file start-v1.txt (compact mmCIF, C-alpha atoms)
# COMPACT_ATOMS: atom_id res chain seq x y z
CA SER A 1 -146.57 6.38 145.71
CA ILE A 2 -144.08 4.02 147.55
CA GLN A 3 -140.60 2.71 146.61
CA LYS A 4 -140.16 -0.93 145.38
CA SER A 5 -137.30 -3.38 144.70
CA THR A 6 -137.95 -3.35 140.85
CA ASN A 7 -137.50 -0.60 138.18
CA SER A 8 -139.98 -1.74 135.44
CA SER A 9 -142.27 0.90 133.81
CA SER A 10 -145.55 1.32 131.83
CA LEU A 11 -146.14 0.93 128.06
CA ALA A 12 -147.38 4.52 127.64
CA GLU A 13 -144.08 5.75 129.23
CA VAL A 14 -141.96 3.63 126.82
CA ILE A 15 -143.89 5.27 123.92
CA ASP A 16 -143.40 8.79 125.36
CA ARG A 17 -139.63 8.19 125.95
CA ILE A 18 -139.20 6.98 122.35
CA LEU A 19 -141.07 9.92 120.78
CA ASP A 20 -139.21 12.67 122.73
CA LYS A 21 -135.85 11.28 121.44
CA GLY A 22 -137.25 10.70 117.93
CA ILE A 23 -135.95 8.56 115.03
CA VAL A 24 -134.22 9.61 111.75
CA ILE A 25 -133.70 7.10 108.89
CA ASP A 26 -131.62 8.56 106.05
CA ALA A 27 -130.21 7.04 102.82
CA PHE A 28 -128.97 7.71 99.27
CA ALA A 29 -127.52 5.79 96.29
CA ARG A 30 -126.05 6.81 92.91
CA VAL A 31 -125.34 4.78 89.74
CA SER A 32 -123.10 6.31 87.06
CA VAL A 33 -122.08 5.19 83.53
CA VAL A 34 -119.14 6.64 81.47
CA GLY A 35 -119.05 9.62 83.96
CA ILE A 36 -122.79 10.61 83.62
CA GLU A 37 -124.99 10.19 86.75
CA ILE A 38 -127.68 8.12 84.97
CA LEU A 39 -129.72 7.16 88.13
CA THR A 40 -130.00 8.51 91.73
CA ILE A 41 -132.22 7.99 94.83
CA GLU A 42 -132.48 9.95 98.12
CA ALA A 43 -134.93 9.38 101.04
CA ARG A 44 -135.53 10.57 104.65
CA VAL A 45 -138.06 9.72 107.42
CA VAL A 46 -138.57 11.51 110.79
CA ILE A 47 -140.82 10.49 113.74
CA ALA A 48 -141.22 12.50 117.00
CA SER A 49 -143.51 14.37 119.42
CA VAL A 50 -144.36 18.00 118.39
CA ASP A 51 -141.85 19.66 120.77
CA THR A 52 -138.93 17.59 119.32
CA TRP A 53 -140.03 17.74 115.66
CA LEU A 54 -139.81 21.54 116.14
CA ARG A 55 -136.16 21.05 117.21
CA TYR A 56 -135.51 19.27 113.88
CA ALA A 57 -137.50 21.81 111.84
CA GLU A 58 -135.86 24.90 113.43
CA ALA A 59 -132.30 23.57 112.78
CA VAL A 60 -133.01 22.39 109.19
CA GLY A 61 -135.09 25.55 108.45
CA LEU A 62 -138.85 24.76 107.95
CA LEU A 63 -140.22 27.42 110.34
CA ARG A 64 -140.77 31.08 109.37
CA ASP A 65 -137.53 33.21 109.91
CA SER B 1 -134.65 2.11 143.75
CA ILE B 2 -132.25 -0.39 145.52
CA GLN B 3 -128.89 -1.91 144.47
CA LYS B 4 -128.70 -5.57 143.23
CA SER B 5 -126.01 -8.18 142.46
CA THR B 6 -126.78 -8.11 138.64
CA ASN B 7 -126.26 -5.40 135.95
CA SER B 8 -128.89 -6.39 133.29
CA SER B 9 -131.07 -3.62 131.73
CA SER B 10 -134.38 -3.00 129.85
CA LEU B 11 -135.11 -3.36 126.11
CA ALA B 12 -136.15 0.30 125.72
CA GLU B 13 -132.74 1.33 127.20
CA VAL B 14 -130.82 -0.91 124.72
CA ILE B 15 -132.75 0.84 121.89
CA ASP B 16 -132.00 4.32 123.31
CA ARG B 17 -128.26 3.50 123.78
CA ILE B 18 -128.01 2.27 120.17
CA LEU B 19 -129.76 5.31 118.64
CA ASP B 20 -127.67 7.95 120.53
CA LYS B 21 -124.44 6.36 119.14
CA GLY B 22 -125.99 5.86 115.67
CA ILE B 23 -124.91 3.65 112.74
CA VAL B 24 -123.23 4.59 109.40
CA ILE B 25 -122.96 2.06 106.53
CA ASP B 26 -120.88 3.39 103.63
CA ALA B 27 -119.67 1.78 100.36
CA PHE B 28 -118.50 2.39 96.76
CA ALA B 29 -117.27 0.38 93.74
CA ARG B 30 -115.86 1.31 90.32
CA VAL B 31 -115.37 -0.76 87.13
CA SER B 32 -113.13 0.63 84.37
CA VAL B 33 -112.29 -0.55 80.81
CA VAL B 34 -109.33 0.72 78.66
CA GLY B 35 -108.99 3.69 81.14
CA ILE B 36 -112.67 4.90 80.91
CA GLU B 37 -114.79 4.62 84.12
CA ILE B 38 -117.65 2.71 82.43
CA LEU B 39 -119.65 1.87 85.66
CA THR B 40 -119.73 3.24 89.26
CA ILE B 41 -121.88 2.85 92.43
CA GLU B 42 -121.92 4.83 95.72
CA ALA B 43 -124.29 4.41 98.72
CA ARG B 44 -124.71 5.63 102.34
CA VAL B 45 -127.20 4.93 105.20
CA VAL B 46 -127.49 6.74 108.58
CA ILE B 47 -129.70 5.87 111.61
CA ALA B 48 -129.88 7.90 114.87
CA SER B 49 -131.97 9.90 117.35
CA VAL B 50 -132.63 13.57 116.35
CA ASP B 51 -129.96 15.08 118.64
CA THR B 52 -127.21 12.85 117.10
CA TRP B 53 -128.42 13.06 113.48
CA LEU B 54 -127.95 16.83 113.94
CA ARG B 55 -124.31 16.13 114.90
CA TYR B 56 -123.88 14.32 111.55
CA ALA B 57 -125.78 16.96 109.57
CA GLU B 58 -123.91 19.95 111.10
CA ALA B 59 -120.45 18.42 110.34
CA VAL B 60 -121.35 17.27 106.78
CA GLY B 61 -123.26 20.56 106.10
CA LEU B 62 -127.07 19.99 105.72
CA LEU B 63 -128.21 22.73 108.15
CA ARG B 64 -128.56 26.41 107.18
CA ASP B 65 -125.20 28.35 107.62
CA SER C 1 -123.06 -2.87 141.41
CA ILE C 2 -120.76 -5.51 143.10
CA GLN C 3 -117.53 -7.22 141.95
CA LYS C 4 -117.60 -10.89 140.71
CA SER C 5 -115.10 -13.65 139.87
CA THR C 6 -115.98 -13.54 136.07
CA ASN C 7 -115.39 -10.86 133.36
CA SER C 8 -118.16 -11.70 130.79
CA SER C 9 -120.22 -8.81 129.29
CA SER C 10 -123.55 -7.99 127.52
CA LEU C 11 -124.42 -8.31 123.80
CA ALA C 12 -125.25 -4.59 123.44
CA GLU C 13 -121.74 -3.77 124.81
CA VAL C 14 -120.04 -6.12 122.27
CA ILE C 15 -121.94 -4.25 119.50
CA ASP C 16 -120.95 -0.83 120.89
CA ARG C 17 -117.25 -1.86 121.24
CA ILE C 18 -117.20 -3.12 117.62
CA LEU C 19 -118.80 0.03 116.15
CA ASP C 20 -116.50 2.54 117.97
CA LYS C 21 -113.42 0.76 116.47
CA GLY C 22 -115.10 0.35 113.06
CA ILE C 23 -114.26 -1.92 110.09
CA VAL C 24 -112.64 -1.08 106.70
CA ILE C 25 -112.60 -3.63 103.83
CA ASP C 26 -110.55 -2.42 100.86
CA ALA C 27 -109.54 -4.10 97.56
CA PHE C 28 -108.45 -3.57 93.92
CA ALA C 29 -107.44 -5.64 90.87
CA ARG C 30 -106.08 -4.80 87.40
CA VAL C 31 -105.82 -6.90 84.21
CA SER C 32 -103.59 -5.64 81.37
CA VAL C 33 -102.95 -6.87 77.79
CA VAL C 34 -99.99 -5.78 75.54
CA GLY C 35 -99.39 -2.83 78.00
CA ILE C 36 -103.00 -1.41 77.89
CA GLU C 37 -105.03 -1.56 81.17
CA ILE C 38 -108.05 -3.30 79.57
CA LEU C 39 -109.99 -4.02 82.86
CA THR C 40 -109.87 -2.64 86.46
CA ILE C 41 -111.94 -2.90 89.70
CA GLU C 42 -111.75 -0.93 92.99
CA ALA C 43 -114.05 -1.20 96.06
CA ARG C 44 -114.28 0.04 99.70
CA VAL C 45 -116.71 -0.51 102.63
CA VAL C 46 -116.78 1.32 106.01
CA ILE C 47 -118.94 0.58 109.11
CA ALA C 48 -118.89 2.61 112.38
CA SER C 49 -120.78 4.74 114.92
CA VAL C 50 -121.25 8.45 113.93
CA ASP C 51 -118.42 9.79 116.13
CA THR C 52 -115.86 7.40 114.51
CA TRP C 53 -117.17 7.68 110.93
CA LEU C 54 -116.47 11.42 111.37
CA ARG C 55 -112.85 10.50 112.21
CA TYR C 56 -112.63 8.67 108.85
CA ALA C 57 -114.43 11.42 106.93
CA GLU C 58 -112.34 14.30 108.39
CA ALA C 59 -109.01 12.56 107.53
CA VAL C 60 -110.09 11.47 103.99
CA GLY C 61 -111.82 14.86 103.37
CA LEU C 62 -115.66 14.52 103.12
CA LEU C 63 -116.56 17.32 105.57
CA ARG C 64 -116.73 21.02 104.61
CA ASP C 65 -113.24 22.75 104.94
CA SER D 1 -111.90 -8.53 138.71
CA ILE D 2 -109.71 -11.30 140.34
CA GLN D 3 -106.62 -13.20 139.08
CA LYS D 4 -106.95 -16.86 137.86
CA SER D 5 -104.65 -19.77 136.94
CA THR D 6 -105.64 -19.60 133.17
CA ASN D 7 -104.98 -16.97 130.43
CA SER D 8 -107.88 -17.64 127.96
CA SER D 9 -109.81 -14.63 126.52
CA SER D 10 -113.14 -13.62 124.86
CA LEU D 11 -114.14 -13.88 121.17
CA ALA D 12 -114.77 -10.12 120.83
CA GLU D 13 -111.17 -9.51 122.08
CA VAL D 14 -109.70 -11.95 119.50
CA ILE D 15 -111.57 -9.98 116.78
CA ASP D 16 -110.33 -6.62 118.13
CA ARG D 17 -106.69 -7.87 118.36
CA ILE D 18 -106.83 -9.13 114.75
CA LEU D 19 -108.29 -5.90 113.32
CA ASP D 20 -105.79 -3.52 115.06
CA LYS D 21 -102.87 -5.49 113.47
CA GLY D 22 -104.68 -5.79 110.12
CA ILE D 23 -104.07 -8.11 107.13
CA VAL D 24 -102.51 -7.37 103.68
CA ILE D 25 -102.72 -9.91 100.82
CA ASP D 26 -100.69 -8.83 97.78
CA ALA D 27 -99.89 -10.57 94.45
CA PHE D 28 -98.90 -10.10 90.78
CA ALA D 29 -98.11 -12.23 87.70
CA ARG D 30 -96.81 -11.47 84.19
CA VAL D 31 -96.78 -13.59 80.99
CA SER D 32 -94.57 -12.47 78.08
CA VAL D 33 -94.12 -13.73 74.49
CA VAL D 34 -91.17 -12.82 72.14
CA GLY D 35 -90.32 -9.91 74.57
CA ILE D 36 -93.84 -8.28 74.58
CA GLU D 37 -95.77 -8.31 77.92
CA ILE D 38 -98.94 -9.86 76.42
CA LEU D 39 -100.81 -10.46 79.78
CA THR D 40 -100.50 -9.10 83.37
CA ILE D 41 -102.47 -9.23 86.67
CA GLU D 42 -102.06 -7.27 89.95
CA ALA D 43 -104.27 -7.41 93.09
CA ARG D 44 -104.30 -6.16 96.73
CA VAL D 45 -106.67 -6.56 99.74
CA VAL D 46 -106.52 -4.73 103.12
CA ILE D 47 -108.62 -5.34 106.29
CA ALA D 48 -108.35 -3.31 109.55
CA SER D 49 -110.02 -1.07 112.15
CA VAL D 50 -110.31 2.65 111.17
CA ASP D 51 -107.33 3.83 113.27
CA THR D 52 -104.98 1.29 111.57
CA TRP D 53 -106.38 1.65 108.04
CA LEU D 54 -105.44 5.34 108.44
CA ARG D 55 -101.86 4.21 109.17
CA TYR D 56 -101.85 2.36 105.81
CA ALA D 57 -103.55 5.22 103.94
CA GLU D 58 -101.25 7.96 105.33
CA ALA D 59 -98.05 6.03 104.36
CA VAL D 60 -99.31 5.00 100.87
CA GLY D 61 -100.86 8.49 100.29
CA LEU D 62 -104.72 8.38 100.16
CA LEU D 63 -105.37 11.23 102.64
CA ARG D 64 -105.35 14.93 101.68
CA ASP D 65 -101.75 16.45 101.88
CA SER E 1 -101.17 -14.84 135.67
CA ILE E 2 -99.09 -17.73 137.23
CA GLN E 3 -96.17 -19.82 135.88
CA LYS E 4 -96.75 -23.45 134.67
CA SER E 5 -94.65 -26.49 133.69
CA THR E 6 -95.76 -26.27 129.95
CA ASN E 7 -95.03 -23.68 127.19
CA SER E 8 -98.04 -24.18 124.81
CA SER E 9 -99.83 -21.06 123.43
CA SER E 10 -103.15 -19.85 121.87
CA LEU E 11 -104.29 -20.05 118.21
CA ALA E 12 -104.70 -16.26 117.89
CA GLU E 13 -101.03 -15.87 119.02
CA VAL E 14 -99.79 -18.39 116.40
CA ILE E 15 -101.63 -16.32 113.74
CA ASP E 16 -100.15 -13.03 115.04
CA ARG E 17 -96.59 -14.50 115.16
CA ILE E 18 -96.91 -15.75 111.56
CA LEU E 19 -98.23 -12.44 110.17
CA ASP E 20 -95.54 -10.21 111.82
CA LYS E 21 -92.79 -12.35 110.14
CA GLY E 22 -94.72 -12.55 106.85
CA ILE E 23 -94.34 -14.90 103.85
CA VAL E 24 -92.86 -14.25 100.35
CA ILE E 25 -93.31 -16.78 97.50
CA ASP E 26 -91.32 -15.82 94.40
CA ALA E 27 -90.73 -17.60 91.05
CA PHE E 28 -89.83 -17.20 87.35
CA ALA E 29 -89.27 -19.37 84.25
CA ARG E 30 -88.05 -18.69 80.69
CA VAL E 31 -88.24 -20.81 77.50
CA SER E 32 -86.07 -19.82 74.52
CA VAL E 33 -85.80 -21.11 70.92
CA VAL E 34 -82.88 -20.37 68.47
CA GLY E 35 -81.79 -17.52 70.87
CA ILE E 36 -85.20 -15.68 70.99
CA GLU E 37 -87.02 -15.60 74.38
CA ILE E 38 -90.32 -16.96 72.99
CA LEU E 39 -92.12 -17.45 76.41
CA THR E 40 -91.61 -16.10 79.99
CA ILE E 41 -93.47 -16.12 83.35
CA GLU E 42 -92.84 -14.19 86.61
CA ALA E 43 -94.96 -14.19 89.83
CA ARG E 44 -94.80 -12.94 93.46
CA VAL E 45 -97.08 -13.20 96.55
CA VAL E 46 -96.72 -11.37 99.91
CA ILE E 47 -98.75 -11.86 103.15
CA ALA E 48 -98.25 -9.85 106.39
CA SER E 49 -99.71 -7.51 109.04
CA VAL E 50 -99.80 -3.78 108.06
CA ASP E 51 -96.70 -2.78 110.07
CA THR E 52 -94.55 -5.46 108.29
CA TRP E 53 -96.04 -5.02 104.81
CA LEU E 54 -94.88 -1.39 105.17
CA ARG E 55 -91.34 -2.73 105.79
CA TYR E 56 -91.56 -4.58 102.43
CA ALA E 57 -93.14 -1.63 100.62
CA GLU E 58 -90.64 0.98 101.92
CA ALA E 59 -87.59 -1.14 100.86
CA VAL E 60 -89.02 -2.09 97.41
CA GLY E 61 -90.38 1.48 96.88
CA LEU E 62 -94.24 1.60 96.87
CA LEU E 63 -94.64 4.49 99.36
CA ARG E 64 -94.43 8.18 98.39
CA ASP E 65 -90.75 9.48 98.48

call {"tool": "encode", "arguments": {"input": "start-v1.txt", "output": "structure tokens"}}
result
Amino acid sequence: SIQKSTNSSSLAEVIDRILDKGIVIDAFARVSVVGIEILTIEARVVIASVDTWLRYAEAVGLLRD
Amino acid sequence: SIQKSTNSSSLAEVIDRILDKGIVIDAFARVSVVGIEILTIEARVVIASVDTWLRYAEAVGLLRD
Amino acid sequence: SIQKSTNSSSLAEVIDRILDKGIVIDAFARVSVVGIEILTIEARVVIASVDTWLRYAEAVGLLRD
Amino acid sequence: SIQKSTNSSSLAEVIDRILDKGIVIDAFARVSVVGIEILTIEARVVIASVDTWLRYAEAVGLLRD
Amino acid sequence: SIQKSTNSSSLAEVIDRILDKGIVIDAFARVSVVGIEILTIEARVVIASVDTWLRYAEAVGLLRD
């Protein structure tokens, strides 16, 4: 191709650049009464391409040893 | 590309620059009566890219030893 | 880029400069009758980027020893 | 940048300059009858950036020894 | 900057100059009948920046010895 005065790029390349960084959303909350932990919530979400989800899974320990 | 008189940058690069710094929102409250801790709340939220959520997780201790 | 006669900066850089200083909001109150501490409240909130929330957490003692 | 005839500065820098000095609001009251301290109130509030809230916390004694 | 014929200064600098002097408001009253101190009130309020509230607290004795 040829060089241009503008940097702007394609939608499919925005998607690819998002997925090979990935996203983690992570949260917890706890509610206690008189010292007893009467309610608790924990949640996590991960989104990525395969080659980066393997990075996550190999560090956390979901692949075979 | 070529140099310009203005610095302004793309939306996908704002998103990437936010996620590789990450965000932590952290809070607790306690209500006590006669010296007994009759109610308590604690919460935390984390948002990041995978490579920076691993920074958090390795310092706090969520990865295998 | 090139130098200009004005200093003004981008919204994403205001956000980044806030989060790498962080914010702490901290309060307590106590109500006592005849010498007995019949009611008490304590609360704290913290907001930061990951690299500065780790500063807080390492000084207060939330990371593994 | 270049020098100017006026000193005026940005809103984000006012906020930063407030938070790295911090604010303490501190009060108590006591009501006594026949020599017995039948009612009492105490309250405190602190606001700062992380690096200055640590100054407060290290002098008052909220960090690990 | 450059020198001018007038001394006037910014609102954020008025606030800073107030808080690093601080304010103390202090009062008590006592009502006695036949020689018995049947009612009494005492109150205090303090406002400052952190570095000057520590001056108060170190002289009165609220910091660890």

call {"tool": "residues_near_point", "arguments": {"input": "start-v1.txt", "point": "(-132.5, 24.2, 110.9)", "cutoff": "10 Å", "atoms": "all atoms listed in the file", "output": "number ranges by chain"}}
result
A: 54-63; B: 54, 57-58, 62-65

call {"tool": "atom_distance", "arguments": {"input": "start-v1.txt", "atom1": "CA of residue 46 in chain C", "atom2": "CA of residue 35 in chain B"}}
result
26.2 Å

call {"tool": "interface_residues", "arguments": {"input": "start-v1.txt", "of": "chain B", "to": "chain A", "cutoff": "6 Å", "atoms": "all atoms listed in the file", "output": "JSON, numbers by chain"}}
result
{"B": [2, 37, 38, 39, 40, 41, 42, 43, 44, 45, 46, 47, 48, 49, 50, 63]}

call {"tool": "write_last_selection", "arguments": {"input": "start-v1.txt", "atoms": "C-alpha atoms", "output": "JSON list (two decimals), in the coordinates of the input"}}
result
[["chain", "number", "residue", "atom", "x", "y", "z"],
["B", 2, "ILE", "CA", -132.25, -0.39, 145.52],
["B", 37, "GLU", "CA", -114.79, 4.62, 84.12],
["B", 38, "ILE", "CA", -117.65, 2.71, 82.43],
["B", 39, "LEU", "CA", -119.65, 1.87, 85.66],
["B", 40, "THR", "CA", -119.73, 3.24, 89.26],
["B", 41, "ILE", "CA", -121.88, 2.85, 92.43],
["B", 42, "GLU", "CA", -121.92, 4.83, 95.72],
["B", 43, "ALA", "CA", -124.29, 4.41, 98.72],
["B", 44, "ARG", "CA", -124.71, 5.63, 102.34],
["B", 45, "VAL", "CA", -127.20, 4.93, 105.20],
["B", 46, "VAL", "CA", -127.49, 6.74, 108.58],
["B", 47, "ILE", "CA", -129.70, 5.87, 111.61],
["B", 48, "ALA", "CA", -129.88, 7.90, 114.87],
["B", 49, "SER", "CA", -131.97, 9.90, 117.35],
["B", 50, "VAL", "CA", -132.63, 13.57, 116.35],
["B", 63, "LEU", "CA", -128.21, 22.73, 108.15]]

call {"tool": "atom_distance", "arguments": {"input": "start-v1.txt", "atom1": "CA of residue 13 in chain B", "atom2": "CA of residue 1 in chain D"}}
result
25.8 Å

call {"tool": "atom_distance", "arguments": {"input": "start-v1.txt", "atom1": "CA of residue 11 in chain A", "atom2": "CA of residue 51 in chain B"}}
result
23.5 Å

call {"tool": "axis_aligned_box", "arguments": {"input": "start-v1.txt", "around": "range 45-49 of chain E", "padding_each_side": "6 Å", "output": "AutoDock Vina command-line options"}}
result
--center_x -98.2 --center_y -10.4 --center_z 102.8 --size_x 15.0 --size_y 17.7 --size_z 24.5
